[PDB]
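Structure first, commentary second.
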Amino acid sequence: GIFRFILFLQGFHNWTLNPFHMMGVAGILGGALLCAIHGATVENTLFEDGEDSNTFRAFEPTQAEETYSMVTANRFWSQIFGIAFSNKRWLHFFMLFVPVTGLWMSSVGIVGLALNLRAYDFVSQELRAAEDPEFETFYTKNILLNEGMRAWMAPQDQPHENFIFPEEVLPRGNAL
Amino acid sequence: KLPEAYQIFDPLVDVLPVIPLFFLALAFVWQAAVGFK
Amino acid sequence: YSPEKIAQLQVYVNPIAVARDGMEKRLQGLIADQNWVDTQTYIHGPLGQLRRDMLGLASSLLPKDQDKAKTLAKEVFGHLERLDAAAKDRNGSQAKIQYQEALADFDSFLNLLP
Amino acid sequence: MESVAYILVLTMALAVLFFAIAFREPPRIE
Amino acid sequence: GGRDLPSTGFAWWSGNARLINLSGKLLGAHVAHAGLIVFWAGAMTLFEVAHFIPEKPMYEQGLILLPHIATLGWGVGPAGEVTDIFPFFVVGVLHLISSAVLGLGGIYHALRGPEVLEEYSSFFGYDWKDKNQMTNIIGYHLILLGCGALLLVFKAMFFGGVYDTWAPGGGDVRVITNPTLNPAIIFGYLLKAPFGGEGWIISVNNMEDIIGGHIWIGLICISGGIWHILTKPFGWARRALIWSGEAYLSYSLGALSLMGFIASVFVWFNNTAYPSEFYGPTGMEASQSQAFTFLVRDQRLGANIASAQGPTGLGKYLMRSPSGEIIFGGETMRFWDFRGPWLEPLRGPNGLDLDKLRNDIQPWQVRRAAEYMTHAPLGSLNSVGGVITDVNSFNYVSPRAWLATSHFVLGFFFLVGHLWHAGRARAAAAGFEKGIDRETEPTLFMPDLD
Amino acid sequence: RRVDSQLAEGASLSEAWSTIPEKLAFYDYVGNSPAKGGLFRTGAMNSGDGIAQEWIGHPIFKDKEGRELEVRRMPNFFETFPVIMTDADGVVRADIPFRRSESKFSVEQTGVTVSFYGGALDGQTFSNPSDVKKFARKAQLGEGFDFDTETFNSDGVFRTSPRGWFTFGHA
Amino acid sequence: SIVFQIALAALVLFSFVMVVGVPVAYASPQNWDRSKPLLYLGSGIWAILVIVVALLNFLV
Amino acid sequence: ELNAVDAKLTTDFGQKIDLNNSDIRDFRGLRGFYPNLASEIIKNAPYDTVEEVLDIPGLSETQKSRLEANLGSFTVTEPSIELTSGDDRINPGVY
Amino acid sequence: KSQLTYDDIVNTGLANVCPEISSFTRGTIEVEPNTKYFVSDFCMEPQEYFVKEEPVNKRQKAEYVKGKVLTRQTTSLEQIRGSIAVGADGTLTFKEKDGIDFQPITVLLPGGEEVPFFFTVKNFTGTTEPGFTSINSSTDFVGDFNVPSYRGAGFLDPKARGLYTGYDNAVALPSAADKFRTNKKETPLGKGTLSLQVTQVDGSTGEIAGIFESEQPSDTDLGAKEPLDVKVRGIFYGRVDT
Amino acid sequence: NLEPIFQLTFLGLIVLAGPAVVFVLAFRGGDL
Ligand code: CLA
Ligand code: CLA
Ligand code: CLA
Ligand code: CLA
Ligand code: CLA
Ligand code: CLA
Ligand SMILES: CC1=C(/C=C/C(C)=C/C=C/C(C)=C/C=C/C=C(C)/C=C/C=C(C)/C=C/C2=C(C)CCCC2(C)C)C(C)(C)CCC1
Ligand SMILES: CCCCCCCCCCCCO[C@@H]1O[C@H](CO)[C@@H](O[C@H]2O[C@H](CO)[C@@H](O)[C@H](O)[C@H]2O)[C@H](O)[C@H]1O
Ligand SMILES: [Ca+2]
Ligand SMILES: [Ca+2]
Ligand SMILES: [Fe+2]
């Protein structure tokens, strides 16, 4: 059901083209990235606090000392990526800020879609392709894909509307 | 199909390939018997 | 072989005869004109069901000339493999040789046919 | 001319990257 | 040998690391695992036989092991039809019985035998740091591996041969009499670009080349084994390499990842070592078979397949490759490097030949193209064959898809394992695999970057 | 209802449809629905279809057999919509096909004609399938109107009304 | 032919008893003196049962 | 404006099988036509009148009787190159 | 190439090259004045491409600008079957029958204009001057050929408008959907003029080779633009069946 | 079929065997 809703928003709303969704994608992917990179960095800058190869036993919940080197982590990322966190408080705030902000932005975009306020088209490219039949972009191709989805999915997805679309009116490319 | 003299143990043959999965699970069973020491 | 069994063999006898014909006709000519590209295409396409057929026939013959036709069939395939090597190595000399021996062993297979 | 706008915003982004790396606040142990 | 965290420093989920310096128990773990491998070979083969329908094609029955046996030329005749199921059954049973011997030996060495072989024998006792002995073990195994390659050679030359899909007069088991010994061809194969039209070693397309390769491989592997037994690692290798058990594991993991990717590509693209009569068409073959199937239909309906331009302006059935070769039209233009024993009869020096395409088509070629096109290696995870939008009535996923997908995944995860163990071996050799020492943290003695 | 009341009184089709206030017909045009706009289709709705100039009147489409066909209207969800015409008991009798190799219900094949009642085209009949298809596409959007697309260099994509913009901002 | 199935059933059941017995025998160090010859007996009998099945397959 | 195939659809080509423009699948409706007789008709096109579909060289008795029994399913319009060029009358891209 | 296999020419661009009469002779294919000669494997290799620029002025000469082919070694017609028919007056008639007789080619003109065209010899009927009794160096077949539309009637533009398929209007702009003259696609049948000047004849094998000059319109994009005039020069080869 | 019954019986035997070995080795103070 969720997958249907997702594809419906693609084909009817061009939701991937929506900047609000794009900010949401950036937030969720950046949240995953931050999770993976913090976890890995912390695990690989751990202080030698025990004799065993099992480094997990070398942490006390009440210990006052940091369990990993922030200076070593900072230098590593500064020399690998060019920049690095140097304030742990800012690092952990950023880990909250990014995904949360992404969810809020995507929600704003969805609120737009409630009213059919969609970033559906680039009118410049539609006007040009209307006038210039040699002109094609990935955007125009996605527009065509959406028209196909809508025509082929509407009768079964909205059975109450009694959409009778005879085979001859269904958009389709050659052969396929 | 198996040769006719072996068609008897056919239900046994159908359940043979899975056993190494049971070996992997048996590693965990033995660890749990020793308390994951 | 009973006429009714002779009929059952025809299923296989027909393609074999078509093959025997074209081998004597186009293949000889191809080898003569040194058309190795075409010689190779001929032994892999027109003759591309020769083994399934010759052996199917042999297996379906009476249990007396069965193995002999089997051994005869295998002989022809061996000569056709040397025709292919010769043709792939532009060796006109061995090509004619293998062609003749394939037809000889194909001739004997056909003699084992009721 | 929208091409000029696009190139300009992209260039601003890349130049910010350069300055943020080459001229960052130097992390110091205090 | 410690079997707990306090005595080894390794948790239960890293328990097999407790065997690193317990050569006897480690040997037991290895022999019992080998036993698992041989057990799967035998048991899965017997499963495939019990589930095998002899008349139905092998690739329609979810078989991946019987195709390997049939390629070796056991149990099959011309065009890959099954002559006798007994050889497949024999192969399965012999693996299944040997599995018990290896299981016993493994459980013995793992549980009862010496935990360390160093004391017992100088021959079997090894220290990871003892380069001479580790190279001895490399050598003994290289000689057995080369012997196995020569076993393949012997089967193909003196013991009934192997299935040659390219055989004249139709595919069949063939005895290889002239294997390619020419080192230029054999090693040229290694030097070919791994891109379309060349395919590196994936493009090996005749059993003579495959067999000549295995004579070279057997010879080089036997020579390298003897070299490694009679030599010691030289200075440059002693200086550029990490000499530890985990390091050698990581090296073998890198090698395994490389071989897994290679096997994936091999089964996906090559139809010589993986005959389509057992493995089904390659995806390139299925696409070309579609183009060919409708070439024949439309031609028989009276169309001019040569001069028929399609809606784009390119030829509907026939076009030219970017180097000018006459090829099949449509999206299949990408698979124009495809070679197949049912297609190659219709190819001329310039590519597809109009005279052949108009006069020399054969019903077996049309049937083969129809079968290969309808068995395109396309299918769902629950084995619904054909394109993903099709309905549920066709139970088929190509063996090529299964094998390629499986070995790509295994190759990738073994690349990950290589990185895991190679980085760990490096850190452990250097002494900071357990974390940063607080007193001598290196960054505290390094100047600021700015 | 207003048309049928006039018909029951005794008026003709052209007289009855002439009673329809253009303002009323204007409300029955999907371009004035607030669910047809776009997030970055800015400004007045006149910057889209244009300034409405006049109601063109009411099309009545008939096949060659005299069956009254209605163009199924564009729903709010669809940016594009196939042209379909159904008769009284809901059977598709005509359409504008995408593929004409195997088409069976084309306006051209089915001989659809359209006659207009009221508005600017009152008392005209169009039998040329080009213009019939044009008016069928017009009927998809509801009541048809002539627009002035020059005053605002209108681009031809619908905008949303102040209703839509207010709702968006406040939600 | 039923003697063949008898031999094969005996092989399968002795195989199960050995799958049970081998790991217990090798991991029971205090019972080792009693269980070494039993291990030898099981191995030899298993191999003989395999050979008997092998031959009977070739006799039926 | 209408393009040429749409205008063709306004004529008799839209009602019956057109001997000069209809693709080989449109002959499937006449029993015994697809594929051989439809192929021969499409191969010997164009035709000036429907009646002269009976004057195709090499036609046998069965095909002649079959054509005469279905003369009223046939119409003849000017050959439009928008339906014939590129062997579109055999494969217009419809499966 | 006569002795080259497929594996020897593949990936080398020798599949798009015209065969060449090796035996350098100036032979003559003798001809009876009332017979027909089949031509088996006709090949035309285009080597030069010229597109008539359209100056903004109406009295300036147009002139032919050379182009560079953007497509690769996919520019050759080959395996073409034809006939040579001899009139009672010594006229030779070339009548191309079928084969791989078209190739779409795209050339780039200086200034960045891409000009695709349907390079073809479809239905070519070329005639020489009356009075020939042999095929020699003087033979020059001159005639017209058909140039069908570069895009088929099944073609779909980026907004899915086509001729017998696709939309008939600009669906992205419902209010202005019938504004665009490009809503009507046509595929008019063009004409080319080809000359085959025969320069080398090998009478021992019936082979003819020469040079050709073609003149044809370019792609119009289903009528979206006026076609340019394209000039193609190259070499050809044929074998005459006697 | 009695086959689903035989397959499930063999599978149950095989499933119980390994845990049974561990259980016997734990109950009898084996070298677990
Ligand atoms: C391929 C799989 C494999 C193999 C061969 C081994 C092998 C080994 N492991 Mg490892 N292990 C594995 C997977 C494997 N492990 C997995 C997946 C885990 C995670 C759960 C572990 C976790 C682990 C830990 C935590 C430890 C080991 C240890 C050991 C070694 C000592 C075993 C011992 O004393 O157990 C005793 C167990 C038993 C006595 C229970 C019975 C076991 C037998 C073998 C069952 C066999 C049944 C079989 C059907 C019989 C067939 C008989 C006949 C037909 C041939 C041994 C060499 C130990 C070690 O390093 O020692 C220093 C150790 O501490 N392993
Ligand atoms: C190289 C390995 C390989 C390959 C290619 C195949 C392929 C096949 N097998 Mg076989 N099989 C294998 C191993 C393999 N098998 C093993 C090890 C066993 C023992 C359990 C079996 C037991 C077996 C049986 C009993 C049967 C098959 C069948 C089949 C066929 C259908 C498969 C299917 O529906 O899967 C469904 C797909 C899945 C279940 C997906 C599995 C997903 C895995 C678990 C993901 C793991 C990936 C990764 C490594 C995870 C690591 C995580 C960590 C590293 C981060 C197919 C030909 C069937 C058939 O047709 O037989 C004739 C059948 O009945 N197989
Ligand atoms: C990689 C496999 C491998 C390796 C390296 C070893 C190594 C060793 N084993 Mg072990 N073992 C294995 C497998 C292995 N075993 C298996 C599978 C079994 C089950 C049958 C056993 C059962 C076993 C027992 C019961 C004992 C040993 C012992 C020993 C030690 C002395 C061996 C000996 O007598 O000298 C050398 C022996 C020979 C030269 C003759 C044997 C060679 C074999 C039997 C013939 C060739 C192998 C094969 C059939 C041919 C190729 C294999 C094929 C897969 C290609 C040595 C550490 C003994 C020990 O611990 O002593 C303290 C001991 O008591 N092993
Ligand atoms: C599994 C087989 C195996 C293994 C593990 C080893 C292991 C070893 N060999 Mg041996 N060798 C083998 C087989 C094997 N050999 C065989 C079969 C032969 C016969 C030809 C030899 C002949 C041989 C010689 C003559 C020498 C060794 C040496 C060595 C040692 C260092 C080699 C090294 O640094 O490699 C890493 C390789 C390099 C550093 C070379 C650089 C190559 C560049 C990076 C290109 C690499 C290609 C690219 C990355 C991969 C492309 C993929 C594709 C080609 C598969 C090491 C102990 C050396 C030694 O110390 O002798 C005792 C030595 O001099 N080997
Ligand atoms: C032949 C290959 C090989 C060998 C011998 C080893 C050996 C070792 N590894 Mg390595 N490893 C390998 C490959 C290999 N690894 C690969 C390919 C990867 C990448 C995924 C890793 C990743 C890895 C990590 C991350 C670590 C090791 C560690 C270790 C050590 C302890 C392992 C242990 O006790 O596991 C115990 C076994 C288990 C806990 C069972 C794992 C269960 C997995 C999730 C199931 C995988 C899917 C499986 C196919 C089942 C799917 C079916 C499903 C439907 C149920 C040991 C030296 C540890 C180490 O460094 O110690 C020094 C360690 O932390 N390995
Ligand atoms: C609730 C507030 C509200 C509403 C509903 C409207 C509604 C309307 N106005 Mg008015 N307007 C407003 C406030 C409002 N206005 C204000 C405050 C001003 C002063 C700037 C104006 C100035 C103004 C003018 C000058 C004009 C209008 C016009 C219009 C009409 C067209 C609207 C349009 O095209 O929007 C377009 C809206 C958008 C494209 C939405 C922009 C969304 C922004 C860019 C998203 C950015 C968010 C942020 C950057 C992302 C977060 C990042 C994260 C890290 C935090 C419509 C009736 C036009 C009209 O027709 O007048 C007759 C006109 O010409 N308005
Ligand atoms: C071939 C053959 C054979 C063999 C077999 C065998 C070899 C066996 C094995 C066996 C086995 C090998 C088994 C085992 C199993 C296992 C199991 C069954 C387990 C399970 C698991 C689980 C259940 C888990 C759980 C858990 C744990 C424990 C840990 C933690 C977590 C949890 C809680 C979850 C026989 C004899 C039959 C005969 C015939 C033939
Ligand atoms: C080192 C940093 C600088 C980067 C390197 C600079 C080289 C890149 C050259 C592009 C610069 C602009 O130069 C020129 O731009 C025009 C504008 O579209 C291009 O013109 C192209 O597109 C336009 C419109 O799309 C067409 O009318 C024209 O026929 C076509 O060729 C030219 O192809 C390009 O040569
Ligand atoms: Ca079964
Ligand atoms: Ca039709
Ligand atoms: Fe943290």
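When region E:341-351 is filtered for residues that are buried (at least 24 other Cβ atoms within 10 Å of the Cβ) and either touching a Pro at 6+ places or on another chain (Cβ under 6 Å) or more than 7 Å from every other protein chain (Cβ to nearest Cβ) (or both), only E:342 remains.
When we screen E:139, E:125 for residues that are closer than 30 Å to residue G:33 by Cβ, more than 16 Å from ligand 1 (Cβ to nearest atom) and buried (at least 16 other Cβ atoms within 10 Å of the Cβ), the only hit is E:125.
Quick check, is residue E:106 among the small types (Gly, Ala, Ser), more than 14 Å from chain C (Cβ to nearest Cβ) and within 16 Å of ligand 2 (Cβ to nearest atom)? Spelling it out, it is not the case that residue E:106 is among the small types (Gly, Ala, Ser), more than 14 Å from chain C (Cβ to nearest Cβ) and within 16 Å of ligand 2 (Cβ to nearest atom).
Within region J:14-27, being more than 11 Å from residue B:26 (Cα to Cα) and either within 16 Å of ligand 5 (Cβ to nearest atom) or at the interface with another protein chain (Cβ under 7 Å from one of its Cβ atoms) (or both) holds for J:14, J:24, J:25, J:26. Does residue F:83 qualify as being over 26 Å from residue I:162 (Cα atoms), within 13 Å of another protein chain (Cβ to nearest Cβ) and of a type in the set (A, V, I, L, M)? When the stated conditions are applied, residue F:83 does not pass them. As a summary of the residue check, residue E:6 satisfies the conditions (1) within 14 Å of chain A (Cβ to nearest Cβ); (2) part of a helix (DSSP H, G or I); (3) surrounded by 19 or more Cβ atoms within 10 Å (Cβ to Cβ) except for the one numbered (3).
Considering region I:211-225, and only residues there that are touching a residue at least 40 places away in the same chain (Cβ under 8 Å) and at negative phi, the residue that is nearest to the other protein chains (Cβ to nearest Cβ) turns out to be I:224. Note on region A:49-106: among residues that are of a type in the set (S, T, N, Q) and under 25 Å from the mean Cα position of the chain (by Cα), the one that is farthest from ligand 9 (Cβ to nearest atom) is A:101. I need a count of the residues in region E:328-384 that are among the polar types (S, T, N, Q), more than 22 Å from residue E:394 (Cβ to Cβ) and part of a loop (DSSP other than H, G, I, E, B). Residues flagged as among the polar types (S, T, N, Q), more than 22 Å from residue E:394 (Cβ to Cβ) and part of a loop (DSSP other than H, G, I, E, B) within region E:328-384 amount to 2.
The lone criterion from (1) within 30 Å of residue E:249 (Cα to Cα); (2) surrounded by 16 or more Cβ atoms within 10 Å (Cβ to Cβ); (3) out of contact with any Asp or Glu (no Cβ under 7 Å at 6 or more places or on another chain) left unmet by residue E:416 is number (2).
Taking the criterion of being under 8 Å from the mean Cα position of the chain (by Cα), within 11 Å of chain F (Cβ to nearest Cβ) and in a helix (DSSP H, G or I), the only residue of region H:1-34 that qualifies is H:26. Is it the case that some residue within region F:73-80 is within 13 Å of chain A (Cβ to nearest Cβ), of a type outside the set (S, T, N, Q) and touching a residue at least 60 places away in the same chain (Cβ under 8 Å)? Checked against the condition, which is being within 13 Å of chain A (Cβ to nearest Cβ), of a type outside the set (S, T, N, Q) and touching a residue at least 60 places away in the same chain (Cβ under 8 Å), region F:73-80 yields at least one hit. Filtered by the rule that a residue be buried (at least 19 other Cβ atoms within 10 Å of the Cβ) and either over 13 Å from residue F:64 (Cβ atoms) or at the interface with chain A (Cβ under 10 Å from one of its Cβ atoms) (or both), region F:98-108 gives F:98, F:99, F:100, F:101, F:103, F:105, F:106. Taken as a whole, the structure places residue F:166 among residues that are over 22 Å from the mean Cα position of the chain (by Cα) and more than 13 Å from chain I (Cβ to nearest Cβ). Scanning region E:13-28 for residues that are within 12 Å of ligand 5 (Cβ to nearest atom), buried (at least 16 other Cβ atoms within 10 Å of the Cβ) and assigned to a helix (DSSP H, G or I) yields a count of 5. The set of residues in region A:44-72 that are buried (at least 18 other Cβ atoms within 10 Å of the Cβ) and more than 9 Å from chain E (Cβ to nearest Cβ) contains only A:70.
Which one of the conditions (1) loosely packed, with under 14 Cβ neighbours inside 10 Å; (2) free of Cβ contacts under 8 Å to residues at least 24 places away in the same chain; (3) not aromatic (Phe, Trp, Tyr) does residue A:75 fail to meet, given that it meets all the rest? Result: residue A:75 passes all but (1). I need a count of the residues in region F:113-157 that are of a type in the set (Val, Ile, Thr) and in a loop (DSSP other than H, G, I, E, B). Total meeting the criteria: 3. You will find that of A:151, A:175, A:129, the residue that is outside any helix (DSSP H, G or I), within 30 Å of residue H:88 (Cα to Cα) and over 23 Å from the mean Cα position of the chain (by Cα) is A:175 and no other.
Of all residue pairs spaced 6 or more apart or on separate chains, those with beta-carbon atoms under 6 Å, a first member in region E:431-449 that is assigned to a helix (DSSP H, G or I) and a second member that is of a type in the set (S, T, N, Q) are E:443/A:72. It is to be established whether one or more residues within region F:85-97 are assigned to a loop (DSSP other than H, G, I, E, B), crowded, with 16+ Cβ neighbours inside 10 Å and without any contact (Cβ under 8 Å) to a residue 12 or more places away in the chain. Yes - at least one qualifying residue is present in region F:85-97.
Annotation: of all residues in region E:113-166 being more than 14 Å from ligand 3 (Cβ to nearest atom) and without any contact (Cβ under 8 Å) to a residue 40 or more places away in the chain, the one that is nearest to residue E:26 (Cα to Cα) is E:127. Say whether the condition of being of a type in the set (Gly, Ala, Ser) and in a helix (DSSP H, G or I) is met by at least one residue in region A:82-99. Looking through region A:82-99, none of the residues is of a type in the set (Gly, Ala, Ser) and in a helix (DSSP H, G or I). Comparison of F:66, F:57, F:43 shows that the only residue that is buried (at least 19 other Cβ atoms within 10 Å of the Cβ), small (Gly, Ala, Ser) and farther than 16 Å from residue A:166 by Cβ is F:57. Yes or no: residue E:314 closer than 30 Å to residue E:137 by Cβ and either in contact with a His (Cβ under 9 Å, 6 or more places away or on another chain) or within 12 Å of another protein chain (Cβ to nearest Cβ) (or both)? In short, no.
Would you confirm whether any residue within region G:41-60 is assigned to a loop (DSSP other than H, G, I, E, B) and aromatic (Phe, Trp, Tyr)? Yes, region G:41-60 contains at least one residue that is assigned to a loop (DSSP other than H, G, I, E, B) and aromatic (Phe, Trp, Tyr).
Looking across region E:250-271, just one residue is touching a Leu at 6+ places or on another chain (Cβ under 6 Å) and either of a type in the set (A, V, I, L, M, F, W, C) or within 16 Å of ligand 1 (Cβ to nearest atom) (or both), and that is E:267. Considering every residue within region E:373-385, establish whether at least one is within 14 Å of another protein chain (Cβ to nearest Cβ) and surrounded by fewer than 12 Cβ atoms within 10 Å (Cβ to Cβ). For region E:373-385, residues within 14 Å of another protein chain (Cβ to nearest Cβ) and surrounded by fewer than 12 Cβ atoms within 10 Å (Cβ to Cβ): absent.
Applying the criterion of at least 2 residues that are touching a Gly at 6+ places or on another chain (Cβ under 7 Å) and over 22 Å from residue I:1 (Cα atoms) to the helices (runs of 4 or more DSSP H) found wholly in region C:1-52 leaves an empty list.
Values in this text are rule-based calculations from the coordinates and carry no lab data. A quick note on method: Cβ atoms are made from the backbone with ideal geometry, for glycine too, and the neighbour counts reach across all protein chains shown.
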